[PDB]
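Protein chains in written order, with PDB author numbering: chain U, 394 to 442; chain G, 1 to 12, 40 to 167; chain A, 541 to 589; chain D, 1080 to 1128.
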Amino acid sequence: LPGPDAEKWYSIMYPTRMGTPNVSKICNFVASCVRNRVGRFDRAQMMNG
Amino acid sequence: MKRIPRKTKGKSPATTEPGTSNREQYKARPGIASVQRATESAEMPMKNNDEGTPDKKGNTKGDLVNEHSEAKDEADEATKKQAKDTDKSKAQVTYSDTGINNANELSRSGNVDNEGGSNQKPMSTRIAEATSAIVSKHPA
Amino acid sequence: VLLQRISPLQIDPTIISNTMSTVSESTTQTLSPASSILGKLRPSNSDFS
Amino acid sequence: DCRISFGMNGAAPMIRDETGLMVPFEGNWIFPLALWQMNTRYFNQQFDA
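The structure is reproduced here in structure tokens:
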């Protein structure tokens, strides 16, 4: 993300990136999820460079 | 044998035979000096176009200019150089403003990285931010 | 430049002027075809890059 | 998925096995290195003793 303090956005964007060491309610939700649907998964590159 | 220095920085009886005298007077045409000067320019290797490639740390070298706008600027530089070699204010041979209509022409620049994204933020900076929101600290 | 220094050809624009052989100093109009073509060619210029 | 639950009223803490069982903090375990990297701070507090 462009702009100042982009550090905070990485947590909000990808809920499934967090580790799950705890049995909290939040951690239980993350544990029961698929681990491959995150970030970019398709592109259309026509020109090199 | 002696060491050869590097070029770049790295990781760390009578004896007078009859047919010897020199009385010849020949002036070559074309002259040696004139030809020698010309051939030195042709010897020169081509310029290294490294713009758009990554660097030691992985950031892409070059300035942040639009892909198409970069091509037009380079053409104008060529025409200005062409006039200087010909010692004229204006050059007969121009690489810009020709009758041809190149508008899809592209040239490499520092605006685009290797993934097809934008280089508004350096690639190293992106990595540091992404890994930063993972850290944890000792409990109080 | 290299081709220029090794070629036995010489560009001599005065051949055109001599062939035309038209002076007509301060002609009352340039409609004389000899003057028009000479003006277009400009044999005085010596740049042949 | 290695969520850790604290024990109550003297009960031992337990961690989640791959099959889904909860086991106490003893015996022989097999850990991929990625697990400790994800939960380096949390695991140190709970396991070192």
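C-beta atoms are modelled at their ideal positions from N, C-alpha and C, and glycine is treated no differently.
Following the continuous beta strand (DSSP E) through residue 1094 of chain D, name the residue where it begins and the one where it ends.
1093-1095
Is it the case that the Cβ atoms of residue 141 of chain G and residue 89 of chain G are separated by a distance below 9 Å?
no
Put residue 1102 of chain D into one of helix, strand or coil per three-state DSSP.
strand
If I measure Cβ to Cβ from residue 1101 of chain D and keep anything under 8 Å in the same chain, skipping five residues before and after, which residues do I get?
1084, 1093, 1094, 1095
Let me know the secondary structure DSSP gives residue 145 of chain G once reduced to three states.
strand
Look up residue 1083 of chain D in the DSSP assignment and give the residues it is bridged to.
U/415, D/1094
Checking contacts by CB at 9 Å: is residue 1088 of chain D closer than that to chain U?
no
Identify whether residue 548 of chain A lies in helix, strand or coil by the three-state DSSP scheme.
coil
Using the rule of at least 16 other Cβ atoms within 10 Å of the residue's Cβ for burial, across every protein chain shown, is residue 414 of chain U buried or exposed?
buried
Taking 7 Å as the limit between beta carbons, can you name the residues of its chain near residue 95 of chain G, skipping five residues before and five after?
132, 133
Could you tell me which chain G residues have their CB closer than 8 Å to the CB of residue 1125 of chain D, listed as they occur along the chain?
Residues of chain G passing the Cβ test: none, with the nearest at roughly 11 Å.
With burial defined as no fewer than 16 other Cβ atoms inside 10 Å of the residue's Cβ, what is the status of residue 87 of chain G: buried or exposed?
buried
Name the chain D residues that come within less than 9 Å of residue 163 of chain G, Cβ to Cβ?
1118, 1119, 1120, 1121
Using the beta-carbon of each residue, which ones in chain D are nearer than 9 Å to residue 397 of chain U?
Near residue 397 of chain U there are no residues of chain D at all, since even the closest Cβ is about 28 Å away, more than 9 Å.
Can you give the Cα-Cα distance for residue 58 of chain G and residue 548 of chain A, rounded to whole angstroms?
13 Å
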